[PDB]
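Participant: Right, I'll just put the structure down here and ask away after.
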Amino acid sequence: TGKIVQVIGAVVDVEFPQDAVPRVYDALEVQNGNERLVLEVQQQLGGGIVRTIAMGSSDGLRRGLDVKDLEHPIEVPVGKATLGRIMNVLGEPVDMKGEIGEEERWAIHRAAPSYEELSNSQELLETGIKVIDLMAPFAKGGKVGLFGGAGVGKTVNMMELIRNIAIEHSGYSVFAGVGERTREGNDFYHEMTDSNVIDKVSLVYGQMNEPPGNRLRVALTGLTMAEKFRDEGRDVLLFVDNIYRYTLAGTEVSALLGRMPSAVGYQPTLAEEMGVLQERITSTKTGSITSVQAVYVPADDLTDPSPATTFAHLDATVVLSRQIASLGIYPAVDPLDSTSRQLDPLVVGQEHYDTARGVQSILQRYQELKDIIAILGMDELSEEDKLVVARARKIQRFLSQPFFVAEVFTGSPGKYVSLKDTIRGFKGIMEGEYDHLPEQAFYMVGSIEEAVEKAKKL
Amino acid sequence: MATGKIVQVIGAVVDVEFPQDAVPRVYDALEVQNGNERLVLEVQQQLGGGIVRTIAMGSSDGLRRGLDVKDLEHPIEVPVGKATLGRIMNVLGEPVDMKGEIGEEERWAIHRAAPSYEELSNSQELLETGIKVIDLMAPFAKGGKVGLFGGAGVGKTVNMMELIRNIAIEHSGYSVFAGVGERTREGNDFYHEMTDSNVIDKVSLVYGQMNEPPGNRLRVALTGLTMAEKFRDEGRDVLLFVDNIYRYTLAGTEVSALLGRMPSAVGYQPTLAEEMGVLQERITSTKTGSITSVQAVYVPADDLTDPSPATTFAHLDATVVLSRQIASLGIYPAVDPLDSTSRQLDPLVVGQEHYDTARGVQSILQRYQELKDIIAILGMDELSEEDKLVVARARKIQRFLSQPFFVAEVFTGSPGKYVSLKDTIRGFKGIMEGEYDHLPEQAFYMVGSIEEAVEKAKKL
Amino acid sequence: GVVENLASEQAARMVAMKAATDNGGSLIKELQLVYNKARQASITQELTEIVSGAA
Ligand SMILES: Nc1ncnc2c1ncn2[C@@H]1O[C@H](COP(=O)(O)OP(=O)(O)O)[C@@H](O)[C@H]1O
Ligand SMILES: Nc1ncnc2c1ncn2[C@@H]1O[C@H](COP(=O)(O)OP(=O)(O)O)[C@@H](O)[C@H]1O
Ligand SMILES: [Mg+2]
Ligand SMILES: [Mg+2]
């Protein structure tokens with residue numbers, strides 16, 4: 001009942017009778033030859049025209065095609081039936097198994113839970129990772145975000161967190177792949193299926209091959225399933241593969257929607273497009289969502305508008321840096337920028353807090369000396385600044401850890417370090433009780449006993 | 001009768017259409033009834049047929065499309081002359097001090113052409129300010145311009161209060177103070193300080209406060225200039241104080257952005273240097289009278305290079321740079337003697353006595369700056385017997401440049417002092433020539449004139 | 001012994017300062033790459049804001 005009148009890249013303009021014009025976010029449909037293309041309308045221009053984004057390849061669309069107005073938004077299968085199966089942004093099944101036997105379908109555009117319904121939790125969550133749960137511990141039902149440039153470790157860290165939190169956790173889990181490699185999606189799907197945990201994980205994948213509309217709405221498609229599991233009273237894990245692609249897909253389409261560019265070419269609605277999503281991924285009095293989000297930062301610029309606007313939406317922020325990875329120190333977490341809302345004397349006790357702040361103070365004091373060391377060499381340091389520097393380097397080594405998901409890289413077996421077992425090691429290194437050991441005795445070990453034991457072999 | 005109608009309102013910018021005979025000229029002032037309250041618009045552009053784009057000199061909220069507009073056939077023109085002394089006025093020349101109607105006899109348009117190069121007269125009468133450091137290190141003549149440069153909190157506004165008080169009480173000269181982009185708290189402090197010090201009846205105040213549209217903050221400088229020019233034409237020597245040039249340039253940037261002009265070097269309007277030249281070139285000493293000027297200029301982020309202070313420098317005749325480091329050590333006025341400068345500090349105009357004293361002081365302090373780090377690393381007992389004397393005299397000179405102000409009495413309770421130039425030169429020469437090697441350093445701190453240092457030392 | 005130690009102090013400070021001058025020289029060449037990158041980025045951002053703001 002409508003006609004296409006323009007096709008610019010991924011956005012399509014359709015003309016409808018004056019009395020039948022679709023509402024915003026309603027989904028239309030077009031027979032793109034031997035295909036069916038779904039359009040989601042974004043704007044009601046004047047005069048019966050409506051401007052839409054194509055959820056599929058735009059190539060091959062003629063002008064004057066006839067489009068059919070489905071009178072409901074995009075709607076996805078949801079609930080227990082969607083568990084262990086891979087789905088499109090449109091909720092269609094993408095693995096070769098049969099239809100999804102869903103009972104109920106939900107629209108992917110929803111309002112955030114009221115301020116009245118929220119809940120807060122002090123209950124700490126323990127992970128096998130020394131640096132994370134020393135410098136930036138995070139709590140059940142809260143948000144975590146891994147910030148990093150290209151290729152510094154924010155996917156390996158998320159697979160380790162999956163291994164350390166998600167297998168040892170009873171409730172369901174959801175993994176949304178937003179604009180990342182399909183190779184990794186296949187690898188993860190087969191790891192899960194071969195370890196027989198796939199029947200507890202729901203997978204939505206909108207990877208980098210797909211056109212902008214899929215990358216734009218796949219994150220909402222995943223949040224909708226996480227929200228269904230939440231409202232059933234359960235408690236859920238939600239892993240998002242790269243949330244930056246969700247705003248990049250909006251930047252790609254913004255100018256075609258006819259909107260003036262903002263600071264660095266970003267859409268003018270960047271902060272709202274980002275908040276309207278991240279405000280509904282939260283725990284509530286009826287159930288809780290614990291979420292880990294990888295956040296790409298372009299050109300390693302932590303002040304680019306997108307990471308800068310993302311920082312405010314997270315409880316624990318872990319910042320990965322290339323200048324640490326190039327030293328071979330993995331995970332390449334920057335401990336002078338990682339932080340957590342949970343790091344308080346009231347929440348983690350006085351000993352944990354005091355050790356964390358001591359580590360920060362030593363490492364910052366070491367940063368302050370790096371220029372004088374660069375110009376005048378290390379022999380010009382006072383006799384105790386040399387001690388500060390040696391302990392700082394030992395701590396830098398000791399934050400490294402081997403991971404079970406990195407055996408493919410280094411061969412060394414993974415290590416799981418309990419919190420009680422790491423604040424003791426750092427108290428030791430700081431108080432001076434391990435000055436005798438060489439620096440390389442701390443590199444890529446688990447507990448501190450492994451370091452004193454490694455020193456015996458040099 | 002009213003002959004125009006509003007056709008657009010977009011923020012502060014209003015478009016009005018007239019029949020193509022009656023189109024107002026640029027800078028003409030229009031008038032409209034924004035509810036129960038009058039509002040005047042200043043024409044910025046004649047664009048297209050009949051339509052005219054204007055900037056509202058007031059609150060734009062409440063304007064409908066299609067309101068009747070009446071065009072005054074003259075620019076914004078303000079009351080001038082003796083009637084304005086002791087009053088506060090806004091950019092339109094209306095009283096905002098609640099003492100009622102002004103009592104003007106004459107009104108002048110705030111837009112006028114600068115004096116020709118033919119009509120200027122060069123004069124070298126040095127202003128005497130009563131501040132030791134400014135008189136010694138940065139002398140400025142009648143008809144000149146002086147820029148007080150510095151960050152925030154260094155003392156530009158109280159230095160200008162003190163200059164106003166000294167000129168008004170010691171020399172009975174008229175003054176005009178144009179509060180471009182004024183902070184209302186500081187405007188009320190200034191008003192109460194001037195009425196308490198009893199100078200108010202020789203100062204006329206113009207305030208364009210920060211909470212007002214851009215056009216007010218942009219045209220207030222011209223209103224103040226027009227009052228100063230009316231006094232000049234009477235044959236007087238007025239002194240015009242502009243409370244921040246930097247906010248004049250920001251108001252110009254705002255106005256230019258609203259009108260949709262294409263921006264320039266760091267977001268500044270394209271017409272920056274021409275607005276600055278329109279302002280600064282009316283301040284001159286003609287053959288009939290003189291306008292001197294003192295201008296505070298905020299340097300954002302200490303850089304001295306962004307277009308606003310960079311473009312003001314072309315016009316100043318002397319520059320006084322204030323530093324917060326000196327202020328934190330507590331030696332107000334906080335003027336830096338080594339960076340402040342003047343075009344008039346040469347022997348032909350100040351005489352060899354003053355020039356020699358000023359260069360002597362600069363030399364002593366410049367040498368003390370050398371000695372500071374030897375004192376740090378090797379301790380003072382290693383200095384020569386001549387160098388220890390240079391250190392003591394530099395420290396005494398450095399103390400003696402501080403002074404207690406009459407308007408700072410509210411801050412510290414200490415009574416203020418006025419110091420002539422004769423006593424300034426006599427004191428600094430005496431210090432440099434050892435005549436006071438027997439006094440302790442603190443006898444010079446916040447002292448005033450040199451006799452008061454010997455009167456203070458007895459008390460120590 | 002004192003005098004030999006003094007000549008050795010001088011011969012050591014000489015080589016230390018030679019190394020420090022070479023380190024300063026090798027640091028200028030990195031600061032200048034960072035500087036050129038910042039200069040280019042600023043020109044680009046300003047000129048893009050102007051052009052793509054107009055019309
Ligand atoms: N814990 C680790 N141990 C060893 N190598 C690691 C570790 N974490 C990351 N790496 C290295 O970093 C590379 C970057 O991979 P990845 O983490 O996927 O980057 P990205 O975050 O962009 O996906 C890995 O392929 C591996 O070479
Ligand atoms: N000569 C002085 N004596 C005492 N206090 C001063 C003096 N000069 C400045 N101050 C202090 O500095 C503060 C702000 O000075 P002000 O001139 O307003 O700074 P700005 O130049 O940024 O306007 C005032 O609150 C005042 O207390
Ligand atoms: Mg990745
Ligand atoms: Mg001020």
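Residues are named by chain letter and number: chains run A, B, ... in the order of the structure tokens, numbers start at 1 in each chain, and ligands are numbered from 1 in the order shown.
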Could you give me the residues within 8 Å of ligand 4, counting only C-alpha atoms and all ligand atoms, as a list in words?

Facilitator: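 Listed by chain and ascending number, the contacts are residues 152, 153, 155, 156, 157, 158, 243, 244, 296 and 298 of chain B.
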
Participant: Selected residues, N, CA and C atoms, written as a compact mmCIF listing (two decimals), in the first residue's frame, please.

Facilitator:
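Written out: part-v3.txt:
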```txt
# COMPACT_ATOMS: atom_id res chain seq x y z
N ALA B 152 42.49 34.74 36.67
CA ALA B 152 41.39 35.06 37.56
C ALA B 152 41.89 35.17 38.99
N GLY B 153 41.35 36.14 39.73
CA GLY B 153 41.69 36.28 41.12
C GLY B 153 42.97 37.03 41.41
N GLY B 155 43.56 40.45 40.75
CA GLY B 155 43.30 41.77 41.30
C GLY B 155 42.97 42.85 40.29
N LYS B 156 42.53 42.47 39.09
CA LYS B 156 42.21 43.48 38.09
C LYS B 156 41.10 44.41 38.56
N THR B 157 40.05 43.85 39.15
CA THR B 157 38.88 44.65 39.46
C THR B 157 39.14 45.58 40.63
N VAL B 158 39.87 45.13 41.64
CA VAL B 158 40.18 46.03 42.74
C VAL B 158 41.28 47.02 42.37
N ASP B 243 35.60 46.94 32.05
CA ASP B 243 35.87 45.94 33.08
C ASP B 243 36.29 44.60 32.53
N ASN B 244 36.03 44.31 31.26
CA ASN B 244 36.72 43.18 30.66
C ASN B 244 36.55 43.23 29.16
N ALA B 296 40.75 46.04 31.84
CA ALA B 296 41.09 44.71 32.30
C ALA B 296 40.88 43.73 31.17
N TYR B 298 41.14 39.57 30.65
CA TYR B 298 41.39 38.21 31.10
C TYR B 298 42.12 37.43 30.02
```

Participant: Looking only at strand (DSSP E or B) from DSSP on the backbone, list the matching residues of stretch 84-273 of chain B as a short mmCIF file (atom, residue, chain, number, x, y, z; two decimals) with C-alpha atoms, in the first residue's frame.

Facilitator:
```cif
data_model
loop_
_atom_site.label_atom_id
_atom_site.label_comp_id
_atom_site.auth_asym_id
_atom_site.auth_seq_id
_atom_site.Cartn_x
_atom_site.Cartn_y
_atom_site.Cartn_z
CA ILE B 88 23.64 53.27 37.08
CA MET B 89 22.28 52.61 33.59
CA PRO B 95 18.23 53.73 35.20
CA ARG B 107 20.82 62.23 23.94
CA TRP B 108 23.53 60.93 21.64
CA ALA B 109 23.64 57.96 19.30
CA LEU B 120 44.48 64.22 17.15
CA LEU B 126 51.84 61.44 32.49
CA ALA B 141 50.09 59.51 29.27
CA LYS B 145 45.41 52.97 26.96
CA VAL B 146 46.54 50.60 29.71
CA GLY B 147 45.87 46.87 29.81
CA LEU B 148 45.76 44.91 33.05
CA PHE B 149 46.60 41.34 32.03
CA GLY B 150 46.21 38.24 34.14
CA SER B 175 35.26 58.86 35.25
CA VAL B 176 33.05 56.42 33.39
CA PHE B 177 32.91 52.70 34.15
CA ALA B 178 31.55 50.35 31.49
CA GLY B 179 30.76 46.98 33.02
CA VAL B 180 30.88 44.80 29.92
CA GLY B 181 29.48 41.45 30.95
CA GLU B 182 29.39 42.39 34.61
CA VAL B 203 31.54 58.34 38.33
CA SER B 204 28.83 57.28 35.89
CA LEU B 205 28.21 53.54 35.72
CA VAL B 206 26.94 51.43 32.83
CA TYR B 207 26.14 47.75 33.42
CA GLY B 208 25.50 45.03 30.91
CA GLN B 209 25.24 42.07 33.23
CA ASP B 237 39.87 64.83 30.79
CA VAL B 238 37.70 61.80 31.47
CA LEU B 239 39.02 58.33 32.23
CA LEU B 240 37.15 55.33 30.84
CA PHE B 241 37.26 51.97 32.61
CA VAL B 242 36.28 48.84 30.68
#
```

Participant: Write out as number ranges by chain each polymer residue whose atoms come within 12 Å of residue A:410, counting only C-alpha atoms; drop sequence neighbours fewer than 5 positions from it.

Facilitator: A: 328, 330, 401-405, 444

Participant: Name the residues, by chain letter and number, that sit within 10 Å of ligand 1 using only C-alpha atoms and all ligand atoms, and give them as a ChimeraX atom specification.

Facilitator: /A:146-160,180-181,184,241-242,294-296,320,322,325-326,328-332,400-412,414,444

Participant: Pick out the residues no farther than 10 Å from ligand 2, counting only C-alpha atoms and all ligand atoms, and list them as an mmCIF file with N, CA and C atoms, in the first residue's frame.

Facilitator:
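What ended up in result29.cif:
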```cif
data_model
loop_
_atom_site.group_PDB
_atom_site.id
_atom_site.type_symbol
_atom_site.label_atom_id
_atom_site.label_comp_id
_atom_site.auth_asym_id
_atom_site.auth_seq_id
_atom_site.Cartn_x
_atom_site.Cartn_y
_atom_site.Cartn_z
ATOM 1 N N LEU B 148 45.450 45.729 31.890
ATOM 2 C CA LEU B 148 45.762 44.906 33.050
ATOM 3 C C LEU B 148 45.559 43.451 32.654
ATOM 4 N N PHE B 149 46.648 42.710 32.506
ATOM 5 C CA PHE B 149 46.598 41.336 32.026
ATOM 6 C C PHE B 149 46.769 40.370 33.184
ATOM 7 N N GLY B 150 46.021 39.279 33.154
ATOM 8 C CA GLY B 150 46.213 38.242 34.144
ATOM 9 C C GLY B 150 45.078 37.248 34.121
ATOM 10 N N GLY B 151 45.253 36.201 34.915
ATOM 11 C CA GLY B 151 44.237 35.180 35.047
ATOM 12 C C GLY B 151 43.086 35.651 35.903
ATOM 13 N N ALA B 152 42.493 34.743 36.665
ATOM 14 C CA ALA B 152 41.391 35.062 37.557
ATOM 15 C C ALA B 152 41.889 35.170 38.989
ATOM 16 N N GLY B 153 41.353 36.137 39.726
ATOM 17 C CA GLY B 153 41.688 36.281 41.125
ATOM 18 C C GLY B 153 42.967 37.028 41.407
ATOM 19 N N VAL B 154 43.550 37.686 40.412
ATOM 20 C CA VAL B 154 44.827 38.355 40.610
ATOM 21 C C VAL B 154 44.659 39.794 41.086
ATOM 22 N N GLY B 155 43.556 40.452 40.749
ATOM 23 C CA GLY B 155 43.295 41.765 41.302
ATOM 24 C C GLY B 155 42.967 42.845 40.294
ATOM 25 N N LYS B 156 42.534 42.473 39.092
ATOM 26 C CA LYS B 156 42.214 43.485 38.092
ATOM 27 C C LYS B 156 41.100 44.406 38.558
ATOM 28 N N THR B 157 40.052 43.849 39.151
ATOM 29 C CA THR B 157 38.880 44.654 39.456
ATOM 30 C C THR B 157 39.136 45.583 40.629
ATOM 31 N N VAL B 158 39.875 45.129 41.637
ATOM 32 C CA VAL B 158 40.181 46.028 42.737
ATOM 33 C C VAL B 158 41.278 47.016 42.367
ATOM 34 N N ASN B 159 42.187 46.661 41.458
ATOM 35 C CA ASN B 159 43.104 47.668 40.943
ATOM 36 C C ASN B 159 42.348 48.767 40.222
ATOM 37 N N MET B 160 41.293 48.414 39.494
ATOM 38 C CA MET B 160 40.523 49.452 38.827
ATOM 39 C C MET B 160 39.688 50.250 39.813
ATOM 40 N N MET B 161 39.171 49.611 40.862
ATOM 41 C CA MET B 161 38.502 50.378 41.905
ATOM 42 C C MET B 161 39.444 51.396 42.519
ATOM 43 N N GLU B 162 40.688 51.000 42.772
ATOM 44 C CA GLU B 162 41.625 51.914 43.407
ATOM 45 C C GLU B 162 42.005 53.048 42.472
ATOM 46 N N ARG B 183 29.457 40.853 36.478
ATOM 47 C CA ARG B 183 28.888 39.935 37.456
ATOM 48 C C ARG B 183 28.116 40.744 38.487
ATOM 49 N N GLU B 186 29.684 41.573 41.749
ATOM 50 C CA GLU B 186 30.759 42.547 41.686
ATOM 51 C C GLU B 186 30.235 43.937 41.386
ATOM 52 N N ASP B 243 35.604 46.945 32.054
ATOM 53 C CA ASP B 243 35.874 45.944 33.077
ATOM 54 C C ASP B 243 36.295 44.600 32.526
ATOM 55 N N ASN B 244 36.035 44.308 31.259
ATOM 56 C CA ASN B 244 36.721 43.179 30.657
ATOM 57 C C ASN B 244 36.549 43.230 29.156
ATOM 58 N N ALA B 296 40.752 46.038 31.839
ATOM 59 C CA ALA B 296 41.094 44.709 32.303
ATOM 60 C C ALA B 296 40.876 43.735 31.168
ATOM 61 N N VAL B 297 41.784 42.781 31.026
ATOM 62 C CA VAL B 297 41.708 41.818 29.941
ATOM 63 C C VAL B 297 42.114 40.456 30.483
ATOM 64 N N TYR B 298 41.139 39.573 30.650
ATOM 65 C CA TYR B 298 41.393 38.215 31.098
ATOM 66 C C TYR B 298 42.121 37.432 30.018
ATOM 67 N N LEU B 322 49.668 40.862 35.892
ATOM 68 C CA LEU B 322 49.463 40.436 37.263
ATOM 69 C C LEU B 322 49.600 38.925 37.322
ATOM 70 N N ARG B 324 49.360 35.293 39.746
ATOM 71 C CA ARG B 324 48.787 34.740 40.962
ATOM 72 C C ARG B 324 49.857 34.233 41.911
ATOM 73 N N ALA B 327 50.685 37.060 44.039
ATOM 74 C CA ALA B 327 49.564 37.364 44.917
ATOM 75 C C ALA B 327 49.493 36.383 46.076
ATOM 76 N N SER B 328 49.849 35.123 45.834
ATOM 77 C CA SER B 328 49.734 34.121 46.886
ATOM 78 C C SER B 328 50.764 34.346 47.982
ATOM 79 N N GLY B 330 51.204 37.029 49.054
ATOM 80 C CA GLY B 330 50.556 38.066 49.817
ATOM 81 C C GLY B 330 50.959 39.483 49.495
ATOM 82 N N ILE B 331 51.837 39.711 48.519
ATOM 83 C CA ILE B 331 52.202 41.086 48.198
ATOM 84 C C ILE B 331 51.276 41.615 47.107
ATOM 85 N N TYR B 332 50.103 42.074 47.508
ATOM 86 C CA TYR B 332 49.278 42.859 46.608
ATOM 87 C C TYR B 332 49.894 44.244 46.451
ATOM 88 N N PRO B 333 49.697 44.923 45.315
ATOM 89 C CA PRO B 333 48.883 44.727 44.113
ATOM 90 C C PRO B 333 49.171 43.507 43.247
ATOM 91 N N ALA B 334 50.262 42.787 43.479
ATOM 92 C CA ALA B 334 50.595 41.587 42.724
ATOM 93 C C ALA B 334 51.074 41.883 41.315
ATOM 94 N N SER B 402 54.741 46.595 47.253
ATOM 95 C CA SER B 402 53.404 46.378 47.770
ATOM 96 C C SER B 402 52.894 47.644 48.439
ATOM 97 N N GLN B 403 51.572 47.758 48.525
ATOM 98 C CA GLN B 403 50.960 48.978 49.029
ATOM 99 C C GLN B 403 49.570 48.654 49.537
ATOM 100 N N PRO B 404 49.109 49.316 50.600
ATOM 101 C CA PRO B 404 47.722 49.131 51.037
ATOM 102 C C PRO B 404 46.757 50.072 50.338
ATOM 103 N N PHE B 405 45.679 49.537 49.785
ATOM 104 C CA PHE B 405 44.733 50.330 49.020
ATOM 105 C C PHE B 405 43.612 50.862 49.899
ATOM 106 N N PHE B 406 43.019 51.974 49.463
ATOM 107 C CA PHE B 406 41.885 52.534 50.185
ATOM 108 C C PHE B 406 40.650 51.665 50.052
ATOM 109 N N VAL B 407 40.509 50.957 48.931
ATOM 110 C CA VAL B 407 39.353 50.094 48.717
ATOM 111 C C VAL B 407 39.586 48.674 49.200
ATOM 112 N N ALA B 408 40.827 48.299 49.491
ATOM 113 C CA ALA B 408 41.108 47.002 50.085
ATOM 114 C C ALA B 408 40.895 46.996 51.587
ATOM 115 N N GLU B 409 40.601 48.152 52.183
ATOM 116 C CA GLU B 409 40.419 48.209 53.626
ATOM 117 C C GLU B 409 39.321 47.271 54.090
ATOM 118 N N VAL B 410 38.369 46.955 53.216
ATOM 119 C CA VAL B 410 37.309 46.035 53.600
ATOM 120 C C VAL B 410 37.846 44.618 53.707
ATOM 121 N N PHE B 411 38.928 44.310 52.990
ATOM 122 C CA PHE B 411 39.478 42.960 53.018
ATOM 123 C C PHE B 411 40.373 42.733 54.228
ATOM 124 N N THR B 412 41.240 43.691 54.547
ATOM 125 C CA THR B 412 42.250 43.499 55.574
ATOM 126 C C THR B 412 42.117 44.437 56.759
ATOM 127 N N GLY B 413 41.289 45.469 56.675
ATOM 128 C CA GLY B 413 41.139 46.391 57.782
ATOM 129 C C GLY B 413 42.263 47.400 57.907
ATOM 130 N N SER B 414 43.346 47.204 57.165
ATOM 131 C CA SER B 414 44.446 48.155 57.198
ATOM 132 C C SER B 414 44.081 49.400 56.391
ATOM 133 N N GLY B 416 44.296 52.608 53.876
ATOM 134 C CA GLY B 416 44.968 52.758 52.605
ATOM 135 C C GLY B 416 45.900 53.950 52.560
ATOM 136 N N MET B 446 53.843 46.581 52.896
ATOM 137 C CA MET B 446 52.544 47.251 52.981
ATOM 138 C C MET B 446 52.652 48.597 53.678
#
```

Participant: Please identify every residue of chain A that has at least one atom no more than 8 Å from any atom of chain C, counting only C-alpha atoms, and report them as a list in words.

Facilitator: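 Only these qualify: residues 260, 261, 263, 264, 374, 375, 376 and 377 of chain A.
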
Participant: Pull N, CA and C atoms from the residues just selected and write them as a PDB file, in the first residue's frame.

Facilitator:
```pdb
ATOM      1  N   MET A 260      22.336  17.160  11.145  1.00  0.00           N
ATOM      2  CA  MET A 260      23.597  17.867  11.072  1.00  0.00           C
ATOM      3  C   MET A 260      24.642  17.153  11.920  1.00  0.00           C
ATOM      4  N   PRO A 261      25.914  17.041  11.463  1.00  0.00           N
ATOM      5  CA  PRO A 261      27.015  16.351  12.185  1.00  0.00           C
ATOM      6  C   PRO A 261      27.333  17.093  13.473  1.00  0.00           C
ATOM      7  N   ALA A 263      30.344  16.891  17.049  1.00  0.00           N
ATOM      8  CA  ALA A 263      31.760  17.211  17.294  1.00  0.00           C
ATOM      9  C   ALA A 263      32.803  16.550  16.406  1.00  0.00           C
ATOM     10  N   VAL A 264      32.829  15.239  16.223  1.00  0.00           N
ATOM     11  CA  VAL A 264      33.899  14.560  15.441  1.00  0.00           C
ATOM     12  C   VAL A 264      33.194  13.758  14.373  1.00  0.00           C
ATOM     13  N   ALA A 374      64.301   8.796  32.169  1.00  0.00           N
ATOM     14  CA  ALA A 374      64.520   8.777  30.732  1.00  0.00           C
ATOM     15  C   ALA A 374      65.663   9.695  30.337  1.00  0.00           C
ATOM     16  N   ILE A 375      65.740  10.873  30.945  1.00  0.00           N
ATOM     17  CA  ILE A 375      66.784  11.830  30.605  1.00  0.00           C
ATOM     18  C   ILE A 375      68.092  11.439  31.277  1.00  0.00           C
ATOM     19  N   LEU A 376      68.097  11.410  32.605  1.00  0.00           N
ATOM     20  CA  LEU A 376      69.330  11.337  33.375  1.00  0.00           C
ATOM     21  C   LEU A 376      69.736   9.926  33.765  1.00  0.00           C
ATOM     22  N   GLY A 377      68.981   8.908  33.383  1.00  0.00           N
ATOM     23  CA  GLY A 377      69.308   7.551  33.759  1.00  0.00           C
ATOM     24  C   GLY A 377      68.953   7.271  35.203  1.00  0.00           C
TER      25      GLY A 377
END
```

Participant: Which residues of chain B are close to chain C, meaning at most 10 Å apart when you count only C-alpha atoms, and how do they look as a list in words?

Facilitator: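 Therefore, the residues near the partner are residues 260, 261, 262, 263, 264, 265, 266 and 267 of chain B.
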
Participant: The selected residues should be written to file as a PDB file, in the first residue's frame (atoms: N, CA and C atoms).

Facilitator:
```pdb
ATOM      1  N   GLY B 260      24.508  33.778  12.059  1.00  0.00           N
ATOM      2  CA  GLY B 260      24.836  32.747  11.104  1.00  0.00           C
ATOM      3  C   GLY B 260      26.038  33.029  10.242  1.00  0.00           C
ATOM      4  N   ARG B 261      26.895  33.966  10.628  1.00  0.00           N
ATOM      5  CA  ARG B 261      28.091  34.215   9.844  1.00  0.00           C
ATOM      6  C   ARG B 261      29.043  33.039   9.940  1.00  0.00           C
ATOM      7  N   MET B 262      29.856  32.888   8.916  1.00  0.00           N
ATOM      8  CA  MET B 262      30.843  31.827   8.897  1.00  0.00           C
ATOM      9  C   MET B 262      31.963  32.174   9.863  1.00  0.00           C
ATOM     10  N   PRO B 263      32.298  31.269  10.828  1.00  0.00           N
ATOM     11  CA  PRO B 263      33.289  31.478  11.935  1.00  0.00           C
ATOM     12  C   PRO B 263      34.718  31.554  11.412  1.00  0.00           C
ATOM     13  N   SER B 264      35.715  31.882  12.233  1.00  0.00           N
ATOM     14  CA  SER B 264      37.108  32.102  11.774  1.00  0.00           C
ATOM     15  C   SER B 264      38.164  31.298  12.524  1.00  0.00           C
ATOM     16  N   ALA B 265      39.165  31.924  13.123  1.00  0.00           N
ATOM     17  CA  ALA B 265      40.362  31.245  13.659  1.00  0.00           C
ATOM     18  C   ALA B 265      40.206  30.263  14.812  1.00  0.00           C
ATOM     19  N   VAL B 266      39.430  30.539  15.839  1.00  0.00           N
ATOM     20  CA  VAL B 266      39.183  29.579  16.944  1.00  0.00           C
ATOM     21  C   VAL B 266      37.719  29.718  17.309  1.00  0.00           C
ATOM     22  N   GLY B 267      36.852  29.862  16.324  1.00  0.00           N
ATOM     23  CA  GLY B 267      35.425  30.069  16.568  1.00  0.00           C
ATOM     24  C   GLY B 267      35.104  31.526  16.737  1.00  0.00           C
TER      25      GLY B 267
END
```

Participant: As number ranges by chain, list the residues of stretch 217-276 of chain B assigned to helix (DSSP H, G or I) by DSSP on the backbone atoms of this structure.

Facilitator: B: 217-233, 245-258, 272-276

Participant: Any idea what the distance is between atom CA of residue A:38 and atom CA of residue A:89?

Facilitator: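 Atom CA of residue A:89 lies at a distance of 11.0 Å from atom CA of residue A:38.
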
Participant: Between atom CA of residue B:58 and atom CA of residue B:23, what is the spacing in Å?

Facilitator: 22.1 Å

Participant: Using only C-alpha atoms, determine which residues lie at most 8 Å from residue B:12, disregarding the query and same-chain residues fewer than 4 positions distant; provide the list as a ChimeraX atom specification.

Facilitator: /B:55-56,59-60,213,258

Participant: Between atom CA of residue B:4 and atom CA of residue B:69, what distance in Å does the model show, to one decimal?

Facilitator: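 Atom-to-atom, atom CA of residue B:4 to atom CA of residue B:69, that is 4.8 Å.
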